[PDB]
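Take a look at this one chain, the form solved without this ligand, written out in C-alpha cells.
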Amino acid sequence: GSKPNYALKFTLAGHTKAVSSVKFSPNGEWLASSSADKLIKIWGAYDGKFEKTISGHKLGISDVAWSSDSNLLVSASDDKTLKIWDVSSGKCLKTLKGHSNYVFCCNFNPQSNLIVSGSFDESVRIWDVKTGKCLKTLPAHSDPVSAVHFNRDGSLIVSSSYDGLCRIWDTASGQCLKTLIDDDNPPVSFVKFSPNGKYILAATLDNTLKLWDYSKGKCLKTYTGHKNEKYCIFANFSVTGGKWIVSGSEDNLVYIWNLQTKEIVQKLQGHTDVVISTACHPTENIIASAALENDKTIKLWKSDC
C-alpha cells in the first residue's frame, strides 16, 4: 500500500534511434512512442503488442501528445513542423508550419480544439486543430522552450525554457499571467500542471523537481536523489494507486517519490541509457519508460499499489 512494487512486464523494441517520449491514450488502450528515428509507434498498453508505425516527419521527433477522445496525436519534430494524425488511419491530417527551428514539445487542450507548441526558436505557438492554422505566436522565452501544458479547463498554458523561467499564459489572449520561476538559472527542463490545475511540477537541470502552488506562486515540495543536468526528462503525477511523483533519470533508472513526504519509494532498474520519458496509465498502476540511443526500448511496469 505505502510503497509501490512496479515490476517489468514487457520490453517494446522497434525504434532504431533514441525514444523521445511515451504517452498512454486517455481511454487507456494504447501507448504512443516518438523517436529520433522520425517514427511514431503505437503499442497495446496492457500487453505491449506492437500495433502500427506512423511515418511522415522528415527529421526526428521530440514529443507526441494524445487528444482527449484518444482519436488524434500531435507530434513535434526537428523538421520545424508539428503533424496532427488520425490514429485509426495512421494518416497525417494537418502539418502545422510556422516555427523557424526544431519543435520540441506539444499538447492538446482538454477541448482538443487547440494545440500548444514550444520550439528551439524560443516561441510558444497556439494552433487551431480543425484548420491547422497558427492562432497566436507568443514571444514566451529567450532560449529554447522545453515544455508546454494546458491546465484542466484549458484557460491556462504553462511553459518552461533553458532561459530559467517558468511562465503561465492566458490561452484566450496569449498574454503572460505570471513568471513563476524567475532565476538566470538553472534551465527549466520540464513543467506541467497537476490534474486539478492547482500546482505546477517543474524540473531544473540541477537534479531537482519542485511542486509549486500556482495561486500563491510558492514552492511546496522538492524531490531529489535522481540525476538531471542535461536532458528534458518528463515527470508525472501517478494517481491510480498511491499518490507518487514519477521521473526518468540520467543514471538510467525510473524514480518514484511519495508526493507528500518527498521520500523515494522505488527505483526501477532495467534501461541501459538515460530514461528521458515516463507515462502513468490513466486507470491501472502501469508506468511506461523510454530510453535514449544505447537502449531505444520502452518498458512497461505494473504495481499492485
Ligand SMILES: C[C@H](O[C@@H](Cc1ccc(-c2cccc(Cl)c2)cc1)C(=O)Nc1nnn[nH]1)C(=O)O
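Start at 1 and count along the sequence shown; that's the residue number. So that the term is clear: the rigid core is the largest set of C-alpha atoms that superpose within 1.5 Å between two forms.
The protein also exists as the form deposited with this ligand bound; that form is not presented, and the subsequent description refers to it.
Interface residue remark: residue 185 is not counted as part of the site for this ligand in the deposited complex, having no heavy atom within 4.5 Å. Although the partner is absent here, residue 195 sits close enough that one of its heavy atoms falls within 4.5 Å of this ligand in the deposited complex. Although the partner is absent here, residue 53 sits far enough away that none of its heavy atoms falls within 4.5 Å of this ligand in the deposited complex. In the deposited complex, no heavy atom of residue 30 sits within 4.5 Å of this ligand. Remark: of stretches 82-90, 171-179, 108-116, 215-223, the one touching this ligand in the deposited complex is 215-223 (heavy atom within 4.5 Å). With the partner omitted from this view, the residue of 58, 243, 49, 267 that lies near this ligand in the deposited complex is 243 [heavy atom within 4.5 Å]. Note on contacts: among 73, 140, 96, 211, the single residue with a heavy atom within 4.5 Å of this ligand in the deposited complex is 211. Using a 4.5 Å heavy atom cutoff, none of 24, 42 and 66 lies near this ligand in the deposited complex.
Residue showing a CA shift of 2 Å or more between this form and the one not shown (rigid core superposed; candidates 86, 183, 128, 229): 183. Panel note: the distance between the CA atoms of residue 219 and residue 182 is smaller in the deposited complex than in this form, the difference being 3 Å or more. Figure legend: C-alpha atoms of residue 207 and residue 184, shown here, are separated by at least 3 angstroms less in the deposited complex.
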